[PDB]
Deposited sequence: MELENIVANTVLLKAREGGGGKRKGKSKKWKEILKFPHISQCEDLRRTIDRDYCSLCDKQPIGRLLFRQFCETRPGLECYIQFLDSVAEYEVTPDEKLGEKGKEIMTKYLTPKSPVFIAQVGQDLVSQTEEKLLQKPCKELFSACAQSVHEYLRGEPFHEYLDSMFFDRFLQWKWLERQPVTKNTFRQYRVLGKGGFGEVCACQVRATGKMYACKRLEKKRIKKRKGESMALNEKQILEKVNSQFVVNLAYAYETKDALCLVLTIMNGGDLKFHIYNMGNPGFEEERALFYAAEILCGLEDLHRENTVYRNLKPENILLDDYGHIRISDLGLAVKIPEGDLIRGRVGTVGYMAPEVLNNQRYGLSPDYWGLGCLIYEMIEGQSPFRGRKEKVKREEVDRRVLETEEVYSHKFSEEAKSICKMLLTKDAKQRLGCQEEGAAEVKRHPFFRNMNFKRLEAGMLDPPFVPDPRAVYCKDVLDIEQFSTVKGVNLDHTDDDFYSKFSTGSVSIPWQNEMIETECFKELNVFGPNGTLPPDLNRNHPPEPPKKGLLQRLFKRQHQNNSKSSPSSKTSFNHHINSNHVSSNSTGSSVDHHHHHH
């Protein structure tokens, strides 16, 4: 249910308005043709027109399908791809991937197929597309149309862009409301941080830090920032809405308490992928506890809080005794200089708590003080039960290694070391990252569970819409499908004609 005159809100500007856009957008191929969703579509659409590039786009699609095919069925899929795109006389043949590469890939299919069979090919393809095809697209009407979309993307966002609903919960500096973009109809979570509260507590710096971390990360398993704006009396962050409850509720209210190992495996794998996306930005989370792992309508999880998150300067360590009792790694409790390691300690706490139905250092039915809990976290070796396979015991006691330098994933290799652990032996991360694994629980939709002194902080925070989420919103709500209309028979529409504004 969109607005009424939304076709007028998202009405394309005449291409003559986008000259300043044209002269400043960096013409990076990976950004304009892959990273940015609308750019990727417009470039692909440009290729659909030329017969010469059609086959190249189709091949990449098939290779994306191959990377995710189940193990037993790679040879069946690999052969198909080779007889359709790598045979010299096929109707859709990829020629810029020299025969010297088609012979090589035929060898790999003469042997056991790997999931990276066409990686060499696909790169040969992209290297060709970043050249002449990309620079033709840059002078095509589809790039002009991309500029029109960027012009819309950069429009100011205000309280009237959104339609507030209900207060979902509360936190430290404010509350979280449910909002809806009027023009598109997409739902979001409005994290309203109230102004007065940020000034009294002199915590502007860590609010900007949360907004910058949220906007820089684009993970399927962490809440994404779509907008950041200032209203009459607050500064709101527009975030992924999550209606499927949180992991604490499902461990204790819906659980035994606890989950079957396999169910916990799924959630752990997704949480691990969330942490890896954060760690790519050398950003440490430090707040991993079940109430911060939220579920969406489909059953997938995302890491939700980020107020205790900080971007570690590359090559440097941080210091900060923060977090929640019982979910602080020992190096944090000791107020030492650490890196990303607290997050893998947290991952250990989550996997343990999902399987056993209680924290590894605090019995569910135990009246204990903060001191004894912290003592346990620092000296006591946790125990396991028959709810854990040998593989589950291993990963947990490896992630719960007291010494932060002997702890799984805290090596130069990072998250990859954890994904290789036998506990994920039956987990195919390429299919999980692709969203092809059915979550173990699907929540029912209907279910319910003062001067210019500050102005400089306001401006750096209210940056407006975020590029990738915004374009994704346009695609999901089908605003793109509906507005991205050109002229009849590949002709040029008025909004892209410089001869009649």
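- No alpha-carbon coordinates exist for the deposited sequence positions 1-24, 474-490, 543-598, given here in order along the chain.
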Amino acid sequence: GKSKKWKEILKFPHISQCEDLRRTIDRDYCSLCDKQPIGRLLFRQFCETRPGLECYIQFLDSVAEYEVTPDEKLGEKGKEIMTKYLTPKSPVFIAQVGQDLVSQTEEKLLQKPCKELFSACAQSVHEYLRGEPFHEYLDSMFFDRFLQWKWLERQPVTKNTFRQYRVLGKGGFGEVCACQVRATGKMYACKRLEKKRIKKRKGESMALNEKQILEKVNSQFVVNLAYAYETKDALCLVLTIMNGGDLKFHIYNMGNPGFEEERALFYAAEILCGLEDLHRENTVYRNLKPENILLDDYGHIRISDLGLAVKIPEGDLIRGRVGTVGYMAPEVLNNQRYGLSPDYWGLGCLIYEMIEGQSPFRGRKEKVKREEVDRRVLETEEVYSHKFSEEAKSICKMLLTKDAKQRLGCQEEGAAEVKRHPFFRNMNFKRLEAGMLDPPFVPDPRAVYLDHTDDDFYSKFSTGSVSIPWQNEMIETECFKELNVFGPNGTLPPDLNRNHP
From here on, numbers count along this sequence of modelled residues.
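If you superpose the two forms and keep the largest set of C-alpha atoms that fall within 1.5 Å, you have the rigid core.
- Averaged as a root mean square over residues and superposed structures in 7 other deposited structures of this protein, CA distances to the shown form are larger in 451-459; the pair compared was 451-459 and 466-474 with a core fit.
- Of the two segments, 78-86 and 240-248, the one listed with the higher mean B-factor is 78-86 (C-alpha atoms only).
- The deposited model assigns a higher average Cα B-factor to 109-117 than to the other stretch when 304-312 and 109-117 are compared.
- Remark: of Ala228, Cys177, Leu275, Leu340, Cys177 shows the highest value [criterion: C-alpha B-factor in the PDB entry].
- Across the options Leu333, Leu408, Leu350, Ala234, the residue with the most elevated CA B-factor in the record is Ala234.
- When the CA B factors of the chain's modelled residues are split into thirds, the value for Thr453 lands in the highest one.
- Looking at the C-alpha B-factors along this chain, the one for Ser459 belongs to the highest third.
- In this PDB entry, the Cα temperature factor of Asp100 sits in the top third of its chain's modelled residues, the highest group.
- The deposited CA B-factor of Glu48 belongs to the highest third of values across its chain.
- The entry lists a Cα temperature factor for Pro493 that places it in the middle third of the chain's modelled residues.
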